[PDB]
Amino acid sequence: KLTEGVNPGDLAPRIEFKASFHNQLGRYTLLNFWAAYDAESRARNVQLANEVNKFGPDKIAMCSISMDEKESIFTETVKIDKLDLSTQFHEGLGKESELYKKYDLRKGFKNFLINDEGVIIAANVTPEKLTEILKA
C-alpha cells in the first residue's frame, strides 16, 4: 500500500543523523531543507519557523535542515535569523550527503508536511497554507 518517496502519499525517507516522524500523539512534522547560499530557501525558513511558533509542540514539530557545508555558516545564519534553535539542524556533508540525494534536493530546496504515520501529506507548503491545514 505505501512506498518510500518524496511525493504526497509516500513514506518520507527516514533521517538517521534524530527523533522519528512516526508518533502516537497525532503530531505532524514540517520537514524543511534550506541553505544560507540559497536566499529564497533561507527566507522561507524564517517564515515557516515563525508560523510554527503559533502552534503548540503537540500539534506540529519543525525540522529545518541546513545543507551548508560549514557548521559556522549554519550557526551564524540561525543566530542572525533569530530562529528557535530546537528546530534547526545541520547536515555537514551538504550536496555530498545521502539525505540530499534521498530528498531529490538537486531539483531544489523543498519542504514536506509529514503526518504521525511518516506519510507526506503536503509538499512546498506556504506559511498561510500550513496554518489552514493545521487548523482543519
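All residue numbers are counted from 1 along the displayed sequence.
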Discussion item. According to the entry, how many residues of the deposited sequence fall between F17 and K18 and are not modelled? Options: none, 1 to 3, 4 to 9, 10 or more.
Written reply: 4 to 9
Practice prompt. Could you check the entry and say whether 38-46 or 92-100 has the higher mean CA B-factor?
Written response: 92-100
Item to complete: Averaging only over Cα atoms, indicate whether 8-16 or 114-122 has the higher B-factor in the PDB entry.
Response: 8-16
Response to the item:
Chain thirds by Cα B factor, record data; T29 belongs to the lowest
Discussion item. What third of the chain does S86 rank in for C-alpha temperature factor, lowest, middle or highest?
Written reply: middle
Worksheet, complete the sentence: The third of the chain into which the C-alpha temperature factor of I60 falls is the lowest
Discussion item. Splitting the chain's C-alpha B-factors into thirds, which one does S66 fall into?
Written reply: lowest
